[PDB]
Amino acid sequence: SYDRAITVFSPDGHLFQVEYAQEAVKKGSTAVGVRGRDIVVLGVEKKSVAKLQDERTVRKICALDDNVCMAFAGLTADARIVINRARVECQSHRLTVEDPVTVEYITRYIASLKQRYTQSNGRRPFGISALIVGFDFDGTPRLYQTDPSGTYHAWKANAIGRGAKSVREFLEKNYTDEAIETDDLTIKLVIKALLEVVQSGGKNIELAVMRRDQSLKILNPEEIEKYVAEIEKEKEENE
Amino acid sequence: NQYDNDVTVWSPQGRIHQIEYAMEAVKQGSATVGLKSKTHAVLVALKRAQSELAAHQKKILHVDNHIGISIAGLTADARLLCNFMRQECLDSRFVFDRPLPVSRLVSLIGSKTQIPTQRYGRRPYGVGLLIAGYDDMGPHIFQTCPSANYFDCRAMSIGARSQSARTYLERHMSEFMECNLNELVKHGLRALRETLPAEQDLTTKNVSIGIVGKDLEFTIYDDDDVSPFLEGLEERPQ
Amino acid sequence: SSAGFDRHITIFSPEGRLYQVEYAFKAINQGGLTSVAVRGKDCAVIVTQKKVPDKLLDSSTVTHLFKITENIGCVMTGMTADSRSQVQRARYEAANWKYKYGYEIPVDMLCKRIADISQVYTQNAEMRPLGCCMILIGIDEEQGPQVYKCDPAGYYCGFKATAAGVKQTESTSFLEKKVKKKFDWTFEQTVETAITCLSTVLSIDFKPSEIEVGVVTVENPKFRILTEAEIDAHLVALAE
Amino acid sequence: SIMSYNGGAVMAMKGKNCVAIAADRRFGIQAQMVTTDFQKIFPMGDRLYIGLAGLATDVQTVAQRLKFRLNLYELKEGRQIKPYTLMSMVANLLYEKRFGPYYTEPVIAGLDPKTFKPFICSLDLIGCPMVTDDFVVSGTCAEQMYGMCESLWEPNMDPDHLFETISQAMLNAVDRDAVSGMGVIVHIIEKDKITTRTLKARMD
Amino acid sequence: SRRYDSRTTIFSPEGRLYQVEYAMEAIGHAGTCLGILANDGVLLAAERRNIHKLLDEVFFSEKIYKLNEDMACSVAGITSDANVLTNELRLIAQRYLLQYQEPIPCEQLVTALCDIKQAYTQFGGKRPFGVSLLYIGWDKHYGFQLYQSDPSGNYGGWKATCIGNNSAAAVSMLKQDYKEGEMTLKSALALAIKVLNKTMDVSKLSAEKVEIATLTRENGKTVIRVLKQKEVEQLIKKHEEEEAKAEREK
Amino acid sequence: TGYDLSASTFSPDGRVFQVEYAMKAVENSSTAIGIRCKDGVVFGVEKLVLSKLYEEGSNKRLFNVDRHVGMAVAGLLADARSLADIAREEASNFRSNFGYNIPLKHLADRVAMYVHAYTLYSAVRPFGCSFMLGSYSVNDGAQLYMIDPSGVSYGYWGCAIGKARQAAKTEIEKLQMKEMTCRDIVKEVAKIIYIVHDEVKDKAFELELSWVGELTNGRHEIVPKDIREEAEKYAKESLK
Amino acid sequence: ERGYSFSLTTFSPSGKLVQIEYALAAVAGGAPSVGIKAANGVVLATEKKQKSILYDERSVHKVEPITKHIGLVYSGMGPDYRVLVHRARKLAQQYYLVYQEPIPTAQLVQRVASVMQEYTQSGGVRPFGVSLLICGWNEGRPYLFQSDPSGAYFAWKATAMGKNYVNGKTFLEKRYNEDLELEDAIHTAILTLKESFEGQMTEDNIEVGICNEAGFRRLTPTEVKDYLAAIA
Amino acid sequence: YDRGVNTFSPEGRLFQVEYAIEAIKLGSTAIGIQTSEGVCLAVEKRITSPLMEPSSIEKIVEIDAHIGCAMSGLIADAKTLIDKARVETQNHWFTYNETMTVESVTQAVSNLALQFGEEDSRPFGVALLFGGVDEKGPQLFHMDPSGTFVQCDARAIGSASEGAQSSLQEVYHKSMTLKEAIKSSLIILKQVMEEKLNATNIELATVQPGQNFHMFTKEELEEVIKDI
């Protein structure tokens, strides 16, 4: 009935220590992600550089294989172990079976690793939540998410971090039944969704796309500054 | 109440309460009655329904060609001791090429359930075994307990409200050594009907009867062959 | 000063104390016994009473004098069950010396190895620290006779006159009053002081059937337990 | 034999205040050469080298394991290693593979790190150390190297005549061997500097 | 038996960590370390604790630990817990050189330690490391670098670094007086003697209360210069003139 | 109290209450006595019928450890069964390693050290049993032993374990047991059981008598009291 | 056992380790000791009083050698002292089997402090209650180190451990200097040991070991009687 | 701490096993009905977002080509049960060249549900319904985290399982047909759920003797809803 063990149930049937892991995800930076027609896209917010450090070591988006991406939340220490482990599995799968790894296979591995890591006492569960995006499974663009309980799950648009309930409510009135083709439009959808940031500084947005055939493409803060300009410009014409 | 947490902790009165609590788990299951003649050992149990249309949960289960056991208590420790029970029987068939003596099988169970009643990290087995058998010296009725005190007996009834069955057996235990296979069974199921509230009746779908005999392999009957046994009974004396 | 679990397990308290070991020092005192060892000469004497409260209880299966090896004997105080397990390690590890090293173990080296076993029970937790005490005697070549004493804390020392049991503070006060003058110790002086010190602390003037005498001497270096008859021979000799 | 699978020759020689060490250059399988630039002399700190000969697998393997243990030693202690300490270190590493032994025979040469005192020693394939005062040799063509060094060695020699002695010893002994040759490299070290020369040898 | 349970691994009801927040508070009650990049070097500065006049200091290095061949590290926190890390950290860099025969490239050394430091916050009820420590070095791929270890396992690559409740106000000076792009050694050495004048509250800046080690890439060697006490003196006397100029503009 | 959960902790005066608690669980068990004559050992157990469905010789407390050694347990019956299997297994190793029958003085030492080990650690509890050990040999005579839950083991001439421990040995000691034959002892054991508490607070009981000595040629077995029935014919004569 | 393996030491909310600060209290409540590094050797001296007139003084020793040039004293509890002594003996021979050379005193303290480190962090055990003073004359210069139950270590010119160490802190600061001989160092080591001793100091109440460059040596009561023979 | 992983009550069961039954009650509902023509099955998806993909939530999995499944309670622990339940039917085919019966599947499944503790963890939080057609016709079973394994004729679990089982006993009789039982089931579904009963909230699974394969309906389910 208490709240200081993981093998205990509540009298109404809860696992509060797994539920306390999901609170630690909400203290993280927000990241969103949609799938397009052919080109997928995701982006992170809340960079907040502190004027005196290099910024290639604050990497929050990474690639597991040559065709699958990753974006997380929570605390950055536990995220490094999960990323470093999943690189081995998507590489060792290629050895035993000569296919490339599907996006559905690697998320079952991360969820099953977070599954068995919950059950035994003295193993503090991973306080992260991941987003796995890859147009890998034979021209089919997909994006999934995880959960600290260990439930891999598929969305078509997603938001995590501090204040995802505002963005997930924003995306339901924004993601049209019209599937947004002309992939700069889909990036403009992400850039407009990320424009509903907690402060919306405009320069604290890091977006990364993938056109389903290339490698990962980090956008630069001059092309990304060009897309933020047409957002307020087309919004001025709506008045 | 501060001594009432582990199996390891003795009380200031000398009574370990965790063993005393596993006795209470035996009373949660239904009643079951075992008895024997000179030639035939019969144990009869009472099924319990879960819902109106679900099947009734079984009680009597086969072990070997000369041993069958009844059950009362947790179904977790039921199949856990059963798998240990079946393993020891076929080892004597494999090594010695004889069936086990029934008496020294039960001493293996008392050694089995002793260790989780003393070391920390494992609960006692809440279970209510009644054992019928044939060694070279005839039929046997045994009972066990979660305190690992196995008892030889000539008639026994354990489970919920099973005292009323025991009072029936004491005033008829002299009659049991002489009767044949037939009324020995319906001496036994006259005892189960006092472990019932007086408004319902012992039907076909809620009772099981297992018989092992001197020339008879242990056989479990259920729901269709109980009707040759349920004939020839009187109503309840109300 | 109960802080954390310092009254229960072997951890440090404030002010550097630790209480479970100094609870064991008066875990001897529930035995109700007193033992005396004396080194004065080319010999060494153990004396300890027995207590037989039952006629049904035997007489030979009571004696606390325990023969470790042929040249080493010991006496045990404290509770009986922890005492006899302590003697099992002493008998065992003395024979490992003879097997590994090819000669007889010194009485000094044995009391170290016993005290180091009592160390780990003090150091590690969840392991009960054996509330009993051991006193040894034996002859060492080119060193004379010795008396050693090992604590439940693992502290050992070696000294001339030894009291253990209930009445240390009364007996050791008497032995310093006795051994301050270097009188001649002629193996009858050694027994006479060993008897009459205990005879004044307990104030009994006892029958020959309550005590035992363990002995070792450089004329017969074997450990030797005295007979009921010859205990009476020393007893009437001091009857003045 | 397994020692005769690739060939090799390592020679060290003690001078007055200096010490010299030399080896061949040929790498090859039993009769077919492969290359003529195979390193067999490895620096272990300043003014202290080591030479390896035998099976070319264990030449490269032991030289990496010994470098592994050396750098951990020179960080727990601020000082550098003494030449006696290295000899005890190598003999420990070889004796651990007592029954699975490495097929190599090292030769250690170097000066004292504090004084100027030279040092030479060589070991067996299981780690029996052996210090001398004149020369040590190892390799397949051992007996040819003993015949040259017993006649040409002098007690107190300048770095000029020490260079000419170990040159004439290595050139004449290796040309009598079949599976050794294709060039000879010579390190001559001293208190002030380190000189490395390569000699004009028969390439047949 | 079961009732002797230490926590060490349990989330808050709000979602924060129990011991990790406590361990970062002890580092504020420790010594002071910092470092700054240059275009052609990198340096470290340390504060001497327990400078009583009956010690020896014959190790020639107390906060600095030359660890691979071209990297060193400062240290802050529990001193006795730090010796487990540095003996481990020297052996990670050395088992790499056995494997590839090329020195460790100055980042994946840090991730190799930080995954060990993280792992005591995961499985196994044990005490975490109460040690934060710095990193200086040089590689083929990026050159001169600084890194910042944490008890949580998080690291970052900085250009001017920090110890906390001891010296968090130095970064406010470092954001004010570190010019970007040009950061050469004599400009950097004059900067650090000004910073330690503020944070280390010893008046007149006794030279035996500080310790400075530098690193310069020189002709293919990457020397690590633990500079001696004679040139700490002229570094102070260089700062002594800067007091006299500071009143001329009044 | 508040110091008495684990068996690995001391009290503030220096004892262990978990050993103290387990001793008086044996006190609530029925009385079983033992007595030895000049050429054998005779056991005797007061055993009470549970209700009626006991089957006349079930769950007996007279065990049979070796060819010439058996037990007379009292206390928790299931705990004594596992403890008896230790003694059965211990005598087999002595047979296999030394080639002859186990001496009873050595057998009690091996068991009591095993009982001692459950009095130290927090993971296990002490046993709730106490028992007797009787044997007979031509080179050693008859011996009779006694083991408490703490592990203290030494020899008696007569003993009793149960509720009436004091109330039975009050009248054991008025027997001249040093010169009686064990066939005379069997009818004398019968009255001592029958004197104390036949059916006062209980309903019914049944007598069990084990039997080892020179008349059995060193074997240990139950008496033939189905033969001659002389126990109850002679014990029930004490009604007047 | 069950196999628990949980440590007994955790951080306070202030950030301090509570049990290690308690173990240092047991160190300060021990027998006093003093160590002085002189120009030619190191002097160790301790204060050994028996509780009675019965105890033999030739049985137990306080100044204890490790190698033939390394000695070691303590101030704490007697029984925990003998563990790390026997530990440091076996540890010194493992150096000698590898490198064929007697271990330097700086390298010995590197490894002994890691042993005392291991009982703090590991599971279910408490730390020591013994601080040490380690001496030796390796490679000309002599050395004098101190370790503590925390696992740290230092390098002293002259220091004191045990009871009244703050008095010997002040007295050695006023008495010692840069250089003396060994004989001057023993003179000032008894004079600071006479600060907190009993009424009578004999050849048996103190116990002194030295470090010549010829090796480690503890002194017999013949010399200590003749050294305390009215030389202060 | 508060009647932990291995500690009896003063009266009855373990409370952790008792609390495991309560964790099923927050799960989604599910109904399976055994009929002599075959076993039908139904479940509710409980989709939260439109961006949330509907078919990523599975409730009916394929254990074997003639054995279905249905789950409730915790989602995460049920993937452990389905994994070895697929394996141990496949081990049986490897060593016997025959299909494992439906009853003897859950014997092996219930052997692992009662292994919790420190012997070589917590109990599971998931109930199951197994439908299958073996040689004894169609079968329908039910298990629980206590391992109390039993056969049912028509069972409903999850949230609102009490009100479903009361309403279910009115409509059931012995001579049902499969086309009758499917529309008889979903009437009970929309009376206990709250959203509009459409083709996106529920899914079906029917196994037949002659149609061992295809334990599924796919947008023929749209025809069934408009006919009720």
# chains A, B, ... in the order shown; residues from 1 in each chain; ligands from 1
>>> residues_around(residues="residue 60 of chain E", least_positions_apart="6", cutoff="10 Å", atoms="only C-alpha atoms", output="NGL selection string")
(:D and (78)) or (:E and (226 or 228))
>>> residues_around(residues="residue 81 of chain E", least_positions_apart="4", cutoff="10 Å", atoms="only C-alpha atoms", output="PyMOL selection string")
(chain E and resi 77+85-86+128-131) or (chain G and resi 114+117-118+120-121+150-152)
>>> select_by_dssp(residues="segment 12-154 of chain B", states="alpha helix (DSSP H)", output="JSON, numbers by chain")
{"B": [17, 18, 19, 20, 21, 22, 23, 24, 25, 26, 75, 76, 77, 78, 79, 80, 81, 82, 83, 84, 85, 86, 87, 88, 89, 90, 91, 92, 93, 94, 95, 102, 103, 104, 105, 106, 107, 108, 109, 110, 111, 112, 113, 114]}
>>> residues_around(residues="residue 53 of chain H", least_positions_apart="5", cutoff="9 Å", atoms="only C-alpha atoms", output="PyMOL selection string")
(chain A and resi 153-156) or (chain H and resi 47)
>>> select_by_dssp(residues="segment 19-177 of chain H", states="strand (DSSP E)", output="PyMOL selection string")
chain H and resi 30-35+38-44+62-64+67-68+70-71+128-134+137-143+150-151+154-157
>>> closest_residue(among="B:134, B:216, B:196, B:120", to="chain G", atoms="only C-alpha atoms")
B:120
>>> decode(residues="segment 97-215 of chain E", atoms="C-alpha atoms", output="mmCIF file, in the first residue's frame")
data_model
loop_
_atom_site.group_PDB
_atom_site.id
_atom_site.type_symbol
_atom_site.label_atom_id
_atom_site.label_comp_id
_atom_site.auth_asym_id
_atom_site.auth_seq_id
_atom_site.Cartn_x
_atom_site.Cartn_y
_atom_site.Cartn_z
ATOM 1 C CA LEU E 97 45.796 1.255 -26.710
ATOM 2 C CA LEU E 98 46.255 -2.500 -26.451
ATOM 3 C CA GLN E 99 43.240 -2.926 -28.719
ATOM 4 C CA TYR E 100 43.838 -0.382 -31.518
ATOM 5 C CA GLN E 101 47.446 0.882 -30.974
ATOM 6 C CA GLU E 102 46.294 4.511 -31.166
ATOM 7 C CA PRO E 103 45.556 6.827 -28.215
ATOM 8 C CA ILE E 104 42.047 7.298 -26.887
ATOM 9 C CA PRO E 105 40.327 10.270 -28.547
ATOM 10 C CA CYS E 106 39.353 12.218 -25.416
ATOM 11 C CA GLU E 107 35.545 11.812 -25.550
ATOM 12 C CA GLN E 108 34.846 8.097 -25.420
ATOM 13 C CA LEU E 109 37.198 7.941 -22.468
ATOM 14 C CA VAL E 110 34.753 10.209 -20.643
ATOM 15 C CA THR E 111 31.687 8.210 -21.674
ATOM 16 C CA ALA E 112 33.473 5.066 -20.513
ATOM 17 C CA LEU E 113 33.841 6.548 -17.037
ATOM 18 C CA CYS E 114 30.425 8.221 -16.941
ATOM 19 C CA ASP E 115 28.696 4.931 -17.684
ATOM 20 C CA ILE E 116 30.494 3.417 -14.692
ATOM 21 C CA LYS E 117 29.565 6.399 -12.513
ATOM 22 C CA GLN E 118 25.963 6.146 -13.682
ATOM 23 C CA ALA E 119 25.716 2.423 -12.948
ATOM 24 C CA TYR E 120 25.821 2.853 -9.186
ATOM 25 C CA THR E 121 22.611 4.889 -9.417
ATOM 26 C CA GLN E 122 21.031 1.942 -11.226
ATOM 27 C CA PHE E 123 21.006 -1.708 -10.113
ATOM 28 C CA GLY E 124 22.806 -2.682 -6.937
ATOM 29 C CA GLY E 125 22.041 -0.826 -3.739
ATOM 30 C CA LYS E 126 25.270 1.097 -3.231
ATOM 31 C CA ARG E 127 26.597 4.569 -2.673
ATOM 32 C CA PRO E 128 27.157 6.787 -5.740
ATOM 33 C CA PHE E 129 30.363 8.632 -6.513
ATOM 34 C CA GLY E 130 30.546 12.022 -4.859
ATOM 35 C CA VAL E 131 33.194 13.225 -7.313
ATOM 36 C CA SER E 132 33.029 15.746 -10.127
ATOM 37 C CA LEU E 133 36.202 16.191 -12.122
ATOM 38 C CA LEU E 134 37.627 17.997 -15.143
ATOM 39 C CA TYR E 135 39.291 16.896 -18.373
ATOM 40 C CA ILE E 136 41.973 18.405 -20.600
ATOM 41 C CA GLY E 137 43.521 16.881 -23.681
ATOM 42 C CA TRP E 138 44.216 16.812 -27.393
ATOM 43 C CA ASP E 139 43.210 14.476 -30.202
ATOM 44 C CA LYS E 140 43.306 14.128 -33.976
ATOM 45 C CA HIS E 141 39.692 15.063 -34.577
ATOM 46 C CA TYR E 142 38.987 18.214 -32.582
ATOM 47 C CA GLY E 143 42.138 19.356 -30.791
ATOM 48 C CA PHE E 144 42.066 21.013 -27.392
ATOM 49 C CA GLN E 145 39.047 20.191 -25.242
ATOM 50 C CA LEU E 146 37.439 20.556 -21.818
ATOM 51 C CA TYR E 147 34.859 18.286 -20.217
ATOM 52 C CA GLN E 148 32.847 18.284 -17.007
ATOM 53 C CA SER E 149 31.950 15.138 -15.099
ATOM 54 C CA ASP E 150 28.982 14.888 -12.748
ATOM 55 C CA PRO E 151 27.863 12.311 -10.174
ATOM 56 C CA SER E 152 24.744 11.717 -12.274
ATOM 57 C CA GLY E 153 26.861 10.664 -15.247
ATOM 58 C CA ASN E 154 26.048 13.728 -17.328
ATOM 59 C CA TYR E 155 28.913 15.478 -19.100
ATOM 60 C CA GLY E 156 29.352 18.601 -21.173
ATOM 61 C CA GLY E 157 32.065 20.152 -23.276
ATOM 62 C CA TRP E 158 32.868 23.630 -21.984
ATOM 63 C CA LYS E 159 35.217 26.504 -22.690
ATOM 64 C CA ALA E 160 35.300 27.779 -19.097
ATOM 65 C CA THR E 161 34.287 25.542 -16.231
ATOM 66 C CA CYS E 162 33.102 25.592 -12.675
ATOM 67 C CA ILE E 163 32.959 24.253 -9.160
ATOM 68 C CA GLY E 164 29.671 25.114 -7.522
ATOM 69 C CA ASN E 165 28.773 26.509 -4.062
ATOM 70 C CA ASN E 166 32.485 27.124 -3.504
ATOM 71 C CA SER E 167 32.942 29.128 -6.689
ATOM 72 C CA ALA E 168 29.722 29.618 -8.679
ATOM 73 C CA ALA E 169 30.398 33.368 -8.829
ATOM 74 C CA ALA E 170 33.533 32.824 -10.924
ATOM 75 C CA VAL E 171 31.427 31.937 -13.976
ATOM 76 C CA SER E 172 29.802 35.367 -13.746
ATOM 77 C CA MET E 173 33.312 36.742 -14.101
ATOM 78 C CA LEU E 174 34.066 34.188 -16.826
ATOM 79 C CA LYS E 175 31.017 35.259 -18.815
ATOM 80 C CA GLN E 176 32.262 38.836 -18.448
ATOM 81 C CA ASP E 177 35.964 38.501 -19.247
ATOM 82 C CA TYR E 178 36.463 35.520 -21.581
ATOM 83 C CA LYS E 179 36.826 36.812 -25.121
ATOM 84 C CA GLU E 180 35.973 34.372 -27.888
ATOM 85 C CA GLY E 181 38.347 33.307 -30.637
ATOM 86 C CA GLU E 182 41.562 34.767 -29.258
ATOM 87 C CA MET E 183 42.355 33.179 -25.905
ATOM 88 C CA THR E 184 46.162 32.697 -25.824
ATOM 89 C CA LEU E 185 48.142 31.419 -22.854
ATOM 90 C CA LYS E 186 49.507 34.637 -21.358
ATOM 91 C CA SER E 187 46.067 36.160 -21.801
ATOM 92 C CA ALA E 188 44.651 33.037 -20.163
ATOM 93 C CA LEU E 189 47.186 32.885 -17.315
ATOM 94 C CA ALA E 190 46.530 36.515 -16.409
ATOM 95 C CA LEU E 191 42.811 35.733 -16.418
ATOM 96 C CA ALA E 192 43.025 32.819 -13.992
ATOM 97 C CA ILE E 193 45.111 34.632 -11.375
ATOM 98 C CA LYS E 194 42.393 37.296 -11.368
ATOM 99 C CA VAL E 195 39.589 34.750 -10.924
ATOM 100 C CA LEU E 196 41.242 32.878 -8.043
ATOM 101 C CA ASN E 197 41.894 36.231 -6.389
ATOM 102 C CA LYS E 198 38.117 36.654 -6.105
ATOM 103 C CA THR E 199 36.956 33.153 -5.206
ATOM 104 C CA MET E 200 39.785 31.955 -2.974
ATOM 105 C CA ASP E 201 39.379 34.560 -0.238
ATOM 106 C CA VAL E 202 43.009 34.386 0.900
ATOM 107 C CA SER E 203 44.178 37.988 0.947
ATOM 108 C CA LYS E 204 47.297 38.812 -1.148
ATOM 109 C CA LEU E 205 47.138 35.320 -2.815
ATOM 110 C CA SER E 206 49.835 33.214 -1.196
ATOM 111 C CA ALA E 207 51.550 31.225 -3.935
ATOM 112 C CA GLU E 208 51.404 27.955 -1.966
ATOM 113 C CA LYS E 209 47.595 28.025 -1.974
ATOM 114 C CA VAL E 210 47.368 27.543 -5.762
ATOM 115 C CA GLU E 211 48.489 25.007 -8.351
ATOM 116 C CA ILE E 212 48.549 25.443 -12.127
ATOM 117 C CA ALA E 213 49.138 22.817 -14.816
ATOM 118 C CA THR E 214 49.121 23.507 -18.555
ATOM 119 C CA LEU E 215 49.205 21.551 -21.801
#
